[PDB]
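Input: a single structure, listed below in structure tokens.
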Amino acid sequence: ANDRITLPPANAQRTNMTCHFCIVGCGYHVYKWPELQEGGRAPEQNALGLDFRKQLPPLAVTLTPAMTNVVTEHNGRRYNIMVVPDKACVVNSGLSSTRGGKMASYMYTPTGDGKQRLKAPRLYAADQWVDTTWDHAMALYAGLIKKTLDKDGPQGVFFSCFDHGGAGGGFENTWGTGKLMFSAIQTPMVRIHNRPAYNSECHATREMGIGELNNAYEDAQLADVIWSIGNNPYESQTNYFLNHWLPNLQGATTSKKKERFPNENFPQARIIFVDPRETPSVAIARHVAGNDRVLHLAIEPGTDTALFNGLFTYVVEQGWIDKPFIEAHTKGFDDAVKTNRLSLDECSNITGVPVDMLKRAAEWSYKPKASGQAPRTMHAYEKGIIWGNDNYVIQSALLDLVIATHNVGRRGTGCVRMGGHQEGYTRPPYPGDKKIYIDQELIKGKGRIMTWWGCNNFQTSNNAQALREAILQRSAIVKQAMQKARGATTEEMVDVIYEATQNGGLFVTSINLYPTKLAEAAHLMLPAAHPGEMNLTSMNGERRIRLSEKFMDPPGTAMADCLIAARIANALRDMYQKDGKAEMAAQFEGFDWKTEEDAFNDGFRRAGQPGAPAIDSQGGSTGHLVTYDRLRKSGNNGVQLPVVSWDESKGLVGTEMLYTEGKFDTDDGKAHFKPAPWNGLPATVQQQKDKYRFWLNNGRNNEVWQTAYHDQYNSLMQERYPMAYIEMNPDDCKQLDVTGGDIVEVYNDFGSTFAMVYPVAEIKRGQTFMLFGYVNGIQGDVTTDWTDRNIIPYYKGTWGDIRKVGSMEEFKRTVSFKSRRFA
Amino acid sequence: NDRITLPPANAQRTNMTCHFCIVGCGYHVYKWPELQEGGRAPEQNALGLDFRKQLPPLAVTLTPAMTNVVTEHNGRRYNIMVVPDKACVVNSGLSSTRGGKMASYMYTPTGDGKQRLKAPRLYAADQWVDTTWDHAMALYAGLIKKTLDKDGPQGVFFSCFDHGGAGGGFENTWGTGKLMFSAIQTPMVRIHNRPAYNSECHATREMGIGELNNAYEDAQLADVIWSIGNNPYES
Amino acid sequence: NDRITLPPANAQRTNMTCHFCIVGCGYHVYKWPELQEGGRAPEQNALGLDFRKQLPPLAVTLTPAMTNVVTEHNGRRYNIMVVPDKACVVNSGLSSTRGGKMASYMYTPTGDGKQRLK
Amino acid sequence: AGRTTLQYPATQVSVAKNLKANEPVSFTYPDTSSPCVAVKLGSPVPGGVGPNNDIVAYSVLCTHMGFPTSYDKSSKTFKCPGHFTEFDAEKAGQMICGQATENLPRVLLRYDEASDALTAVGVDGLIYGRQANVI
Amino acid sequence: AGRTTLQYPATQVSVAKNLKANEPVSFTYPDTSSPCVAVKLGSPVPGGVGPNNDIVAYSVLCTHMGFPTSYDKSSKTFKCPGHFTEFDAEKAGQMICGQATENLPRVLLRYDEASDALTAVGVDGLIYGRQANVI
Amino acid sequence: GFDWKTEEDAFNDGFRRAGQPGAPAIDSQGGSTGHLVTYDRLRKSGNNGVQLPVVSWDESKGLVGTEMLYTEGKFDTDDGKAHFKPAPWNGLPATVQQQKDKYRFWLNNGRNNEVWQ
Ligand SMILES: Nc1nc2c(c(=O)[nH]1)N[C@H]1C(S)=C(S)[C@@H](COP(=O)(O)OP(=O)(O)OC[C@H]3O[C@@H](n4cnc5c(=O)[nH]c(N)nc54)[C@H](O)[C@@H]3O)O[C@H]1N2
Ligand SMILES: Nc1nc2c(c(=O)[nH]1)N[C@H]1C(S)=C(S)[C@@H](COP(=O)(O)OP(=O)(O)OC[C@H]3O[C@@H](n4cnc5c(=O)[nH]c(N)nc54)[C@H](O)[C@@H]3O)O[C@H]1N2
Ligand SMILES: Nc1nc2c(c(=O)[nH]1)N[C@H]1C(S)=C(S)[C@@H](COP(=O)(O)OP(=O)(O)OC[C@H]3O[C@@H](n4cnc5c(=O)[nH]c(N)nc54)[C@H](O)[C@@H]3O)O[C@H]1N2
Ligand code: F3S
Ligand code: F3S
Ligand code: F3S
Ligand code: FES
Ligand code: FES
Ligand SMILES: [Mo+4]
Ligand code: NA
């Protein structure tokens with residue numbers, strides 16, 4: 001049915017759903033109704049309240065076939081679903097991105113895009129994939145972990161697990177997994193989904209006293225200037241950019257600035273991008289605001305620290321700083337002035353940005369307005385610097401600038417992460433005292449068992465080729481050992497596998513929605529459930545916690561990850577009880593959980609309460625005031641964390657902006673400046689740059705979500721992006737005799753991978769941009785092993801050569817190579 | 001008393017011609033919530049004037065008579081400031097004593113405008129009372145209708161403004177004139193300042209010279225000015 | 001609006017019986033120059049009340065309606081405050097809505113008494 | 001100084017959509033000794049805020065002699081147990097009957113559509129037992 | 001009628017030979033509230049009609065939130081001013097970049113060699129802001 | 001013809017219709033170019049407005065009007081010429097003269113600077 005849609009009946013069930021994907025956390029409604037009912041076209045005869053008796057005007061709805069589906073429940077009954085944006089949600093005001101817009105299509109149905117969802121335990125029984133029971137899966141998995149604990153201790157048990165929010169994260173799930181890994185198993189051999197150790201993206205800003213989500217989305221409406229540093233927000237944080245940033249650039253929020261601040265000038269809002277690449281976000285900002293209100297600081301790759309040290313030096317020398325703020329609320333300023341000193345000429349030589357542009361950015365951002373107040377300058381950053389040239393140092397440099405200019409704690413300011421996933425962290429403390437580079441450990445032959453949980457590092461590790469090589473080989477040893485068994489009990493098989501891991505083998509488990517490329521190495525795969533198949537809580541980039549309501553059943557025996565963790569814990573407890581080991585059994589207590597809500601009560605709602613163990617929670621110690629029922633009453637607007645108060649008549653009252661009284665998260669309540677040395681690129685990256693021609697920039701496409709775990713099954717997505725693409729300069733293209741839809745090898749000392757050629761006029765000569773994380777042509781093969789002091793990778797820092805494989809005529813027939821930069 | 005609330009930098013600013021005399025001096029009306037105020041620094045108030053120190057002569061025209069607090073239909077209170085426009089060609093920032101009082105003569109419940117008519121008033125034989133607009137129209141239209149039906153238009157009399165400014169102007173003279181002349185069609189109409197429907201300027205118009213035939217700039221270019229039957233410093 | 005000028009400690013105080021009904025409640029009239037005021041500390045104002053912190057119920061009857069600025073025959077301007085006497089046996093510090101407005105209904109050129117026959 | 005205005009704090013009350021029709025919310029403004037109520041009336045009134053222009057807020061201290069008044073949900077009034085003054089929540093604190101000489105003071109709320117927030121930003125009228133609203 | 005198809009009208013657009021390369025023709029289909037464009041691209045494309053297999057036609061309403069898109073002759077694309085979605089006229093309405101979850105709907109044209117007529121006879125995809133293409 | 005919701009409607013109906021096609025007879029100080037004036041155009045003009053009659057309008061120029069009347073010698077009469085008139089001196093009117101004959105003082109009258117009307 002291409003040319004019509006079944007309307008939701010007026011009385012259709014409606015539940016709340018936060019978007020599964022990106023940080024912004026847009027609010028949606030899920031309409032659910034029996035397959036053989038429909039709404040009428042009259043606005044009072046359908047659930048949308050829209051008049052389908054005549055054409056709707058623009059902006060009246062977001063509604064396509066991709067936003068509809070028919071689900072088949074565990075009882076065999078069929079129900080229409082419609083997943084559409086909430087017009088009254090403050091986050092998105094009825095906007096839907098292309099990614100969230102596909103939620104309905106990516107819900108589980110037996111015939112649709114979710115048809116290959118994991119529905120039962122899968123086992124690679126030496127030489128073939130077969131189903132197995134949950135009890136056999138637990139006996140084998142628990143069995144191995146138990147054997148490893150008994151013989152090697154926790155250091156033999158490895159995880160890479162999500163720490164994020166939204167789908168495949170959230171407060172229930174991070175608690176469940178963390179409780180299992182850290183309180184029960186007590187393994188330190190744990191990495192995170194996007195980085196190869198147990199660390200933070202935001203060590204420097206946190207240690208300086210500024211948590212990275214310190215403002216409201218409303219702040220982007222109130223700003224004079226917005227910086228977007230290492231950040232492509234139209235593509236990566238769409239509806240924050242569309243619903244909040246653009247209205248400011250258009251002048252729609254001016255009256256609200258003036259109402260808040262009667263005696264302050266508000267010029268036209270301007271936007272500054274720090275990005276080596278001219279992105280869609282740069283183009284669209286120019287289209288909306290005019291070229292005169294956009295500054296693209298097209299820095300040389302890796303030179304962000306030089307940029308910020310030059311701007312900091314200049315604003316200090318001009319006196320464009322808040323000296324009363326510095327004096328009352330900060331420590332270390334005078335030291336930072338000395339350590340970070342860099343002239344605009346030196347800054348220009350390093351960055352490649354002309355001195356006029358450096359001065360202009362400072363004049364827009366820091367020079368007092370005519371009324372006497374500093375500009376309200378919101379500094380927004382993401383992975384261009386988080387995966388940049390020395391994560392810790394860039395944040396040090398940037399924060400120094402922000403603190404000196406009092407661009408934290410004022411409305412219309414903030415130095416924030418734009419975010420990736422939603423947030424939803426509640427976990428015990430990490431049980432080690434050392435940073436551990438998990439990938440390197442695995443590649444060196446450590447560990448008996450490795451579990452990928454809600455992540456796929458074959459596609460997303462730095463130095464991903466070294467990783468896959470090692471894991472495939474180690475998996476093979478286990479497969480070969482399993483093959484000699486005939487008629488073995490589970491316990492005998494556990495011994496067979498364990499022995500294989502003493503000869504270089506590794507048992508691999510994946511806990512997932514889908515097989516993924518991890519199926520090339522995995523011995524065991526367990527089915528998980530996503531939001532709508534379960535209740536799930538999470539918060540967005542302004543700390544707004546929402547409940548995503550269950551409205552349908554998972555596929556087969558798929559389970560919420562927190563309940564998978566409880567399953568594992570209880571299997572281990574039972575084995576220890578059976579083995580007469582009361583002390584070891586006791587470590588696996590506390591997982592008597594029947595629904596996801598129990599994990600919410602056990603984690604988020606216990607943080608900082610009397611008799612609670614140490615819990616690190618984004619909800620803080622007032623987490624207990626949030627209940628599922630209270631979130632339901634709040635709607636898609638939720639509450640900004642931390643919660644300050646609750647009663648029946650008021651609801652949840654929370655916190656708009658952090659640090660508005662100048663009390664920071666440090667020992668003394670002051671924000672702390674840090675030294676930020678410029679040391680160039682890391683030697684390992686510089687070596688690549690010296691040997692090879694092209695900078696291999698990498699990151700997001702608007703349409704593609706992450707490792708394309710859903711998108712790989714979507715015929716539209718596959719027709720548009722059948723292969724990972726690499727944006728190349730047209731002149732570079734002519735020199736390599738390539739054009740749109742040719743395939744190239746991209747390669748260096750670290751790896752070899754493949755991409756389709758995407759000529760892009762806005763790409764600079766000797767620079768490229770490749771889609772990351774993809775199912776066909778994995779970008780990460782060419783990223784280096786280099787990390788900063790806290791084991792944060794410089795994913796955006798690598799160089800390689802490009803060789804033509806040949807012309808893919810089919811790509812040329814079916815794929816658009818036209819410009820993605822709107823003008 | 002002895003102080004003034006300054007308009008905030010971002011205060012609302014509208015244009016207002018003086019209510020009163022022919023000169024039509026230009027003013028600005030600053031409007032802002034009662035609980036906000038401007039700062040003394042010139043860039044922190046709407047006037048752009050430096051109230052951190054004494055102002056020189058000619059820098060401003062500003063007294064308490066040029067300020068008020070109005071109460072709107074929503075019950076919310078707003079400071080107003082009614083002051084001459086410096087860049088208006090007519091007056092170049094001058095305010096007469098009459099126009100200078102405009103803020104004071106805006107309607108407020110407790111001020112000089114306190115006895116403004118706020119509803120229809122009816123003298124019901126032996127006492128003043130309020131009445132509704134519908135009752136007022138039923139009585140007034142009713143009478144006019146009865147008079148038209150029995151006496152024709154010649155039973156219905158008016159004396160009405162024909163002038164501009166407050167209590168006149170193009171919208172108002174059209175409205176009244178269309179009513180009196182096109183609809184009711186009564187000739188029994190006089191003007192505010194004279195007891196027939198006539199002109200002050202019959203002779204000069206019939207001689208071919210309408211009476212407002214120059215610019216104020218012409219008073220700047222003249223060798224000689226005659227002021228005939230005219231007290232122009234006062235009028 | 002949102003504030004009141006306190007009577008100075010040394011403010012003149014006269015006796016006034018309510019203008020209106022039979023009960024004849026007792027009031028005090030505080031009179032002082034317009035450009036002077038009392039302090040919030042209880043010993044620095046004529047009421048003897050502590051305006052450095054919220055007052056409890058029954059501590060006072062005082063609103064802007066109970067205050068005025070009169071212009072005397074000499075042209076000089078004086079704050080007045082017309083408030084019930086706490087020690088009068090008739091009313092024990094009570095003011096009705098009618099007596100409570102006496103300050104407002106004193107003659108001033110711009111106030112409620114503006115149309116007084118002169 | 002210069003300044004002719006009191007320095008009112010900006011105090012978050014709640015988001016508008018949390019308020020139920022005719023179910024009063026308690027808060028303090030402009031300090032913890034000044035009890036206030038905000039109520040969604042359920043029907044627009046002059047100067048009401050929020051999506052249905054119907055949220056109003058008051059000081060609950062009687063402007064006669066300062067007893068905390070109580071919101072009656074059935075009449076939408078504030079009633080004083082001292083000398084039986086009653087104020088209309090739907091007429092900006094107009095005194096229905098009583099001994100006060102001042103309307104119940106209104107707490108001025110900003111309503112922000114973007115956040116759904118209600119912030120107390122000022123007071124119209126003088127709170128009982130105070131020389132100025134801001135101590 | 002247990003009919004499974006919509007009742008599309010047959011609407012004459014023009015004769016093919018009146019179309020100039022890359023010069024869009026505007027028309028309404030399947031009713032006057034549905035703006036459409038037909039363009040001769042100048043070079044054959046999959047499913048193009050006419051003598052050079054190069055004439056294509058589309059609904060111009062953005063499948064995101066319904067703003068009329070504009071045909072850009074330099075790129076042969078349709079660009080939406082609302083949230084910057086852009087469709088390829090040479091790849092059957094493929095979204096190049098944007099927030100839509102559906103390609104630009106194609107107006108299906110019959111081309112009659114006998115008459116040189118181009119007739120709109122159907123739509124492939126769902127037109128913005130409609131329960132069905134035929135209201 | 002009084003379907004008016006705001007004062008602007010009266011402006012559109014009167015001033016802006018003078019001398020337009022299908023208009024009834026209207027005597028306006030704006031003349032027949034009054035339609036070029038709109039509230040939004042006057043707003044853009046500021047307190048300077050425009051001297052009537054308006055001669056031209058466009059978005060780039062604004063309202064352009066008329067400084068002085070009769071600068072080319074064309075007057076508002078049948079022939080375009082200014083017309084002299086006889087002006088006899090007849091003394092005061094007998095009604096006024098009778099007052100002057102009976103009573104002492106000439107009772108001149110008019111304006112005070114401070115008092116409006
Ligand atoms: N070169 C390069 N590499 C990068 C980056 C870069 O910029 N450059 N970016 C890094 C970044 S910022 C990111 S976040 C990472 C991401 O790397 P990963 O975390 O490996 O990638 P995702 O696609 O987020 O993985 C989510 C996985 O969990 C599954 N899943 C989805 N929902 C659920 C659920 O409810 N439960 C379970 N158990 N599984 C679920 C999906 O099918 C999928 O396999 O990649 C990093 N890698
Ligand atoms: N459409 C879509 N949106 C997503 C995702 C997705 O997969 N698809 N993933 C989500 C996740 S988990 C994340 S982490 C975010 C990421 O959101 P962003 O980090 O905004 O996206 P990226 O494309 O990784 O990189 C941002 C920019 O970094 C620039 N960059 C590269 N090297 C440097 C450098 O040395 N310095 C500077 N200053 N900039 C540099 C690149 O040119 C690029 O435009 O997006 C989230 N949103
Ligand atoms: N302050 C103020 N200004 C006003 C007004 C107002 O009320 N107050 N009203 C406005 C209006 S509506 C008008 S019409 C104008 C009035 O403006 P004017 O006409 O300027 O004012 P008047 O005071 O009526 O009279 C002008 C002069 O006529 C003189 N006069 C008396 N009899 C004769 C005579 O026989 N011949 C001659 N040649 N002169 C004689 C008087 O002495 C007097 O000074 O003022 C306007 N401006
Ligand atoms: S629809 Fe989804 S992908 Fe982000 S922009 Fe909104 S949370
Ligand atoms: S201020 Fe008014 S009274 Fe005449 S002189 Fe100017 S128009
Ligand atoms: S009116 Fe009567 S009750 Fe008292 S205050 Fe006045 S004597
Ligand atoms: S204290 Fe309230 S009516 Fe007297
Ligand atoms: S309405 Fe067309 S891109 Fe959103
Ligand atoms: Mo990420
Ligand atoms: Na086998």
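In the structure tokens, the first chain shown is A, the next is B, and so on; residue numbers restart at 1 for each chain, and ligands run from 1 in the order shown.
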
Excluding residue B:36 and any residue of its chain fewer than 3 positions from it, enumerate the residues within 10 Å of it, using only C-alpha atoms, and give them as a PyMOL selection string.
(chain A and resi 259+261-263) or (chain B and resi 5-8+11+32-33+39+78-79) or (chain D and resi 3-8+122)

As a ChimeraX atom specification, could you give me every residue of chain C near chain B (at most 9 Å apart, counting only C-alpha atoms)?
/C:110-112

Can you work out which residues are within 9 Å of ligand 4, considering only C-alpha atoms and all ligand atoms, and then hand them over as a PyMOL selection string?
chain A and resi 18-28+85+91-92+95-103+234-242+420-422+540+702+705

Once chain E is optimally superposed onto chain D by least squares, the C-alpha atoms paired in order differ by an RMSD of 0.2 Å

Which residues of chain C come within 9 Å of ligand 7, and for each one, what is the closest pair of atoms and their distance in Å to one decimal, counting only C-alpha atoms and all ligand atoms, sorted by chain and residue number, as a Markdown table?
| residue | atom | partner | partner_atom_place_in_ligand_line | distance |
| --- | --- | --- | --- | --- |
| C:57 | CA | ligand 7 | 1 (S) | 6.8 |
| C:58 | CA | ligand 7 | 1 (S) | 6.6 |
| C:61 | CA | ligand 7 | 1 (S) | 8.6 |
| C:94 | CA | ligand 7 | 4 (Fe) | 8.3 |
| C:95 | CA | ligand 7 | 4 (Fe) | 8.9 |
| C:96 | CA | ligand 7 | 4 (Fe) | 9.0 |

Just write the chosen residues, C-alpha atoms, as a PDB file, in the first residue's frame.
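See selection.pdb below for the written result:
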ATOM      1  CA  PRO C  57      -0.574  38.070  62.200  1.00  0.00           C
ATOM      2  CA  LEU C  58      -2.273  40.832  64.288  1.00  0.00           C
ATOM      3  CA  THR C  61      -2.982  47.153  60.321  1.00  0.00           C
ATOM      4  CA  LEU C  94      -8.995  46.974  64.872  1.00  0.00           C
ATOM      5  CA  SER C  95      -9.772  49.077  61.809  1.00  0.00           C
ATOM      6  CA  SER C  96     -12.808  48.505  59.591  1.00  0.00           C
TER       7      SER C  96
END

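Residues within 9 Å of residue D:38, counting only C-alpha atoms and excluding same-chain residues fewer than 3 positions away, are residues 13, 19, 23, 24, 25, 26, 27, 55, 56, 57, 58 and 107 of chain D.
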
Would you mind exporting the chosen residues as a short mmCIF file (atom, residue, chain, number, x, y, z; two decimals), in the first residue's frame, restricted to N, CA and C atoms?
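What landed in part26.cif:
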data_model
loop_
_atom_site.label_atom_id
_atom_site.label_comp_id
_atom_site.auth_asym_id
_atom_site.auth_seq_id
_atom_site.Cartn_x
_atom_site.Cartn_y
_atom_site.Cartn_z
N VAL D 13 8.36 28.27 39.93
CA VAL D 13 7.23 27.67 40.64
C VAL D 13 7.03 26.21 40.18
N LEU D 19 0.12 21.70 36.52
CA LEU D 19 -0.92 22.19 37.39
C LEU D 19 -2.24 21.56 36.97
N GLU D 23 -6.57 23.04 41.68
CA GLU D 23 -5.75 22.33 42.67
C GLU D 23 -4.55 23.20 43.01
N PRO D 24 -4.62 24.01 44.13
CA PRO D 24 -3.66 25.07 44.40
C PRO D 24 -2.26 24.48 44.65
N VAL D 25 -1.23 25.17 44.15
CA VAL D 25 0.16 24.83 44.45
C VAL D 25 0.70 25.85 45.43
N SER D 26 1.37 25.41 46.48
CA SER D 26 2.03 26.29 47.46
C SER D 26 3.49 26.51 47.09
N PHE D 27 3.96 27.73 47.33
CA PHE D 27 5.36 28.11 47.17
C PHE D 27 5.57 29.36 48.04
N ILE D 55 -3.83 30.66 34.68
CA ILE D 55 -3.07 30.43 35.88
C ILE D 55 -2.86 31.79 36.56
N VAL D 56 -3.19 31.87 37.84
CA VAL D 56 -3.04 33.09 38.63
C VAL D 56 -2.30 32.71 39.90
N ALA D 57 -1.66 33.70 40.54
CA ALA D 57 -0.91 33.44 41.77
C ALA D 57 -1.02 34.63 42.70
N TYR D 58 -1.02 34.35 44.01
CA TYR D 58 -1.22 35.34 45.06
C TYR D 58 -0.33 35.09 46.28
N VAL D 107 1.06 37.56 42.70
CA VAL D 107 2.40 37.16 42.27
C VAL D 107 2.41 37.15 40.74
#

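Interface residues of chain C facing chain D, defined by any atom at most 8 Å away and using only C-alpha atoms, are residues 1, 2, 3, 4, 5, 6, 40, 51, 52, 53, 54, 55, 56, 57, 58, 59, 60, 61, 62, 63, 64, 65, 95, 96, 97, 98, 100 and 101 of chain C.
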
Next, dump the selected residues to file, keeping only C-alpha atoms, as a PDB file, in the first residue's frame.
ATOM      1  CA  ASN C   1       2.442  49.396  44.760  1.00  0.00           C
ATOM      2  CA  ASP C   2       5.008  47.605  46.797  1.00  0.00           C
ATOM      3  CA  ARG C   3       6.408  49.730  49.648  1.00  0.00           C
ATOM      4  CA  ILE C   4       5.453  52.207  52.353  1.00  0.00           C
ATOM      5  CA  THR C   5       7.335  55.099  53.957  1.00  0.00           C
ATOM      6  CA  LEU C   6       7.616  54.410  57.693  1.00  0.00           C
ATOM      7  CA  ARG C  40      12.815  49.336  59.802  1.00  0.00           C
ATOM      8  CA  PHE C  51      10.200  45.641  59.744  1.00  0.00           C
ATOM      9  CA  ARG C  52      13.549  43.866  59.356  1.00  0.00           C
ATOM     10  CA  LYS C  53      11.612  40.546  59.094  1.00  0.00           C
ATOM     11  CA  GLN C  54       8.063  39.481  58.285  1.00  0.00           C
ATOM     12  CA  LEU C  55       5.542  40.556  60.902  1.00  0.00           C
ATOM     13  CA  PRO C  56       3.244  37.900  62.462  1.00  0.00           C
ATOM     14  CA  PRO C  57      -0.574  38.070  62.200  1.00  0.00           C
ATOM     15  CA  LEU C  58      -2.273  40.832  64.288  1.00  0.00           C
ATOM     16  CA  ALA C  59       0.988  42.832  64.656  1.00  0.00           C
ATOM     17  CA  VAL C  60      -0.307  45.770  62.581  1.00  0.00           C
ATOM     18  CA  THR C  61      -2.982  47.153  60.321  1.00  0.00           C
ATOM     19  CA  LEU C  62      -1.051  49.014  57.603  1.00  0.00           C
ATOM     20  CA  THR C  63      -1.637  49.376  53.872  1.00  0.00           C
ATOM     21  CA  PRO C  64      -0.973  52.144  51.328  1.00  0.00           C
ATOM     22  CA  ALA C  65      -4.637  53.170  51.714  1.00  0.00           C
ATOM     23  CA  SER C  95      -9.772  49.077  61.809  1.00  0.00           C
ATOM     24  CA  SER C  96     -12.808  48.505  59.591  1.00  0.00           C
ATOM     25  CA  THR C  97     -12.520  48.780  55.790  1.00  0.00           C
ATOM     26  CA  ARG C  98     -14.223  52.194  56.144  1.00  0.00           C
ATOM     27  CA  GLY C 100      -8.965  52.134  57.283  1.00  0.00           C
ATOM     28  CA  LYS C 101      -9.312  54.411  54.280  1.00  0.00           C
TER      29      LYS C 101
END

Enumerate residues in contact with ligand 9: an atom-to-atom distance of at most 10 Å, counting only C-alpha atoms and all ligand atoms. Format the result as an MDAnalysis selection string.
chainID A and resid 22:23 164 193:195 201 236 382:383 386:387 419:422 460 699:700 706

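With a cut-off of 12 Å and using only C-alpha atoms and all ligand atoms, the polymer residues contacting ligand 10 are residues 123, 124, 125, 126, 127, 128, 129, 130, 479, 480, 482, 483, 484, 485, 486 and 487 of chain A.
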
Quick one: write out the picked residues with N, CA, C and O atoms as a tab-separated table (two decimals), in the first residue's frame?
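Listed below is the output, result-v9.tsv:
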chain	number	residue	atom	x	y	z
A	123	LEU	N	23.71	-20.20	19.17
A	123	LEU	CA	24.92	-20.88	19.57
A	123	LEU	C	25.67	-21.31	18.32
A	123	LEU	O	25.09	-21.96	17.45
A	124	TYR	N	26.98	-21.02	18.27
A	124	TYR	CA	27.83	-21.57	17.24
A	124	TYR	C	28.41	-22.84	17.83
A	124	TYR	O	29.41	-22.81	18.58
A	125	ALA	N	27.80	-23.96	17.47
A	125	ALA	CA	28.16	-25.27	17.97
A	125	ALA	C	29.26	-25.86	17.11
A	125	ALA	O	29.02	-26.85	16.37
A	126	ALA	N	30.47	-25.23	17.26
A	126	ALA	CA	31.72	-25.66	16.64
A	126	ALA	C	31.82	-25.29	15.16
A	126	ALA	O	32.82	-24.65	14.73
A	127	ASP	N	30.77	-25.64	14.37
A	127	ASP	CA	30.82	-25.59	12.93
A	127	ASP	C	29.49	-25.21	12.31
A	127	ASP	O	29.38	-25.36	11.08
A	128	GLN	N	28.54	-24.63	13.09
A	128	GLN	CA	27.26	-24.19	12.55
A	128	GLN	C	26.49	-23.42	13.60
A	128	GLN	O	26.65	-23.62	14.80
A	129	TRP	N	25.71	-22.46	13.12
A	129	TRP	CA	24.78	-21.68	13.95
A	129	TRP	C	23.53	-22.52	14.20
A	129	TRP	O	22.95	-23.01	13.24
A	130	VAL	N	23.12	-22.62	15.47
A	130	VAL	CA	21.90	-23.27	15.87
A	130	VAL	C	21.25	-22.43	16.96
A	130	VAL	O	21.89	-21.65	17.59
A	479	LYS	N	36.22	-22.45	18.46
A	479	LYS	CA	35.44	-23.22	17.49
A	479	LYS	C	36.10	-24.58	17.19
A	479	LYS	O	35.40	-25.59	17.23
A	480	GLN	N	37.42	-24.60	16.96
A	480	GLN	CA	38.15	-25.83	16.65
A	480	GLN	C	38.13	-26.78	17.85
A	480	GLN	O	38.01	-27.99	17.65
A	482	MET	N	35.74	-26.93	20.23
A	482	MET	CA	34.35	-27.36	20.39
A	482	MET	C	34.00	-28.56	19.50
A	482	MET	O	33.23	-29.42	19.89
A	483	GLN	N	34.62	-28.61	18.32
A	483	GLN	CA	34.41	-29.55	17.23
A	483	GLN	C	34.75	-31.00	17.57
A	483	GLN	O	34.24	-31.88	16.89
A	484	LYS	N	35.70	-31.20	18.48
A	484	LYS	CA	36.12	-32.53	18.90
A	484	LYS	C	35.09	-33.14	19.86
A	484	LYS	O	35.07	-34.37	19.98
A	485	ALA	N	34.23	-32.31	20.49
A	485	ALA	CA	33.20	-32.83	21.40
A	485	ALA	C	32.06	-33.58	20.68
A	485	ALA	O	31.61	-33.20	19.58
A	486	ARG	N	31.61	-34.67	21.30
A	486	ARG	CA	30.46	-35.44	20.88
A	486	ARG	C	29.72	-35.85	22.14
A	486	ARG	O	30.28	-36.53	22.98
A	487	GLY	N	28.49	-35.41	22.30
A	487	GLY	CA	27.67	-35.87	23.40
A	487	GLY	C	28.15	-35.31	24.74
A	487	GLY	O	27.92	-35.92	25.75

List all protein, DNA and RNA residues that have at least one atom no more than 6 Å from any atom of ligand 1, counting only C-alpha atoms and all ligand atoms, and write them as a ChimeraX atom specification.
/A:167-168,193-194,453-457,460-462,511-514,528-530,561,698-699,706-707,709,772-773,779-780,795

List the neighbours of stretch 181-188 of chain B out to 6 Å using only C-alpha atoms; skip same-chain residues closer than 6 positions along the sequence, and give me the result as a compact mmCIF listing (two decimals) with N, CA and C atoms, in the first residue's frame.
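Everything below was put into around.txt:
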# COMPACT_ATOMS: atom_id res chain seq x y z
N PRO B 153 -34.59 63.30 7.73
CA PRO B 153 -33.29 63.65 8.31
C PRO B 153 -33.19 65.00 9.02
N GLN B 154 -34.09 65.94 8.69
CA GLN B 154 -34.04 67.29 9.21
C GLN B 154 -34.40 67.36 10.69
N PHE B 157 -29.95 66.37 14.58
CA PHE B 157 -28.96 67.40 14.63
C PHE B 157 -27.64 66.85 15.18
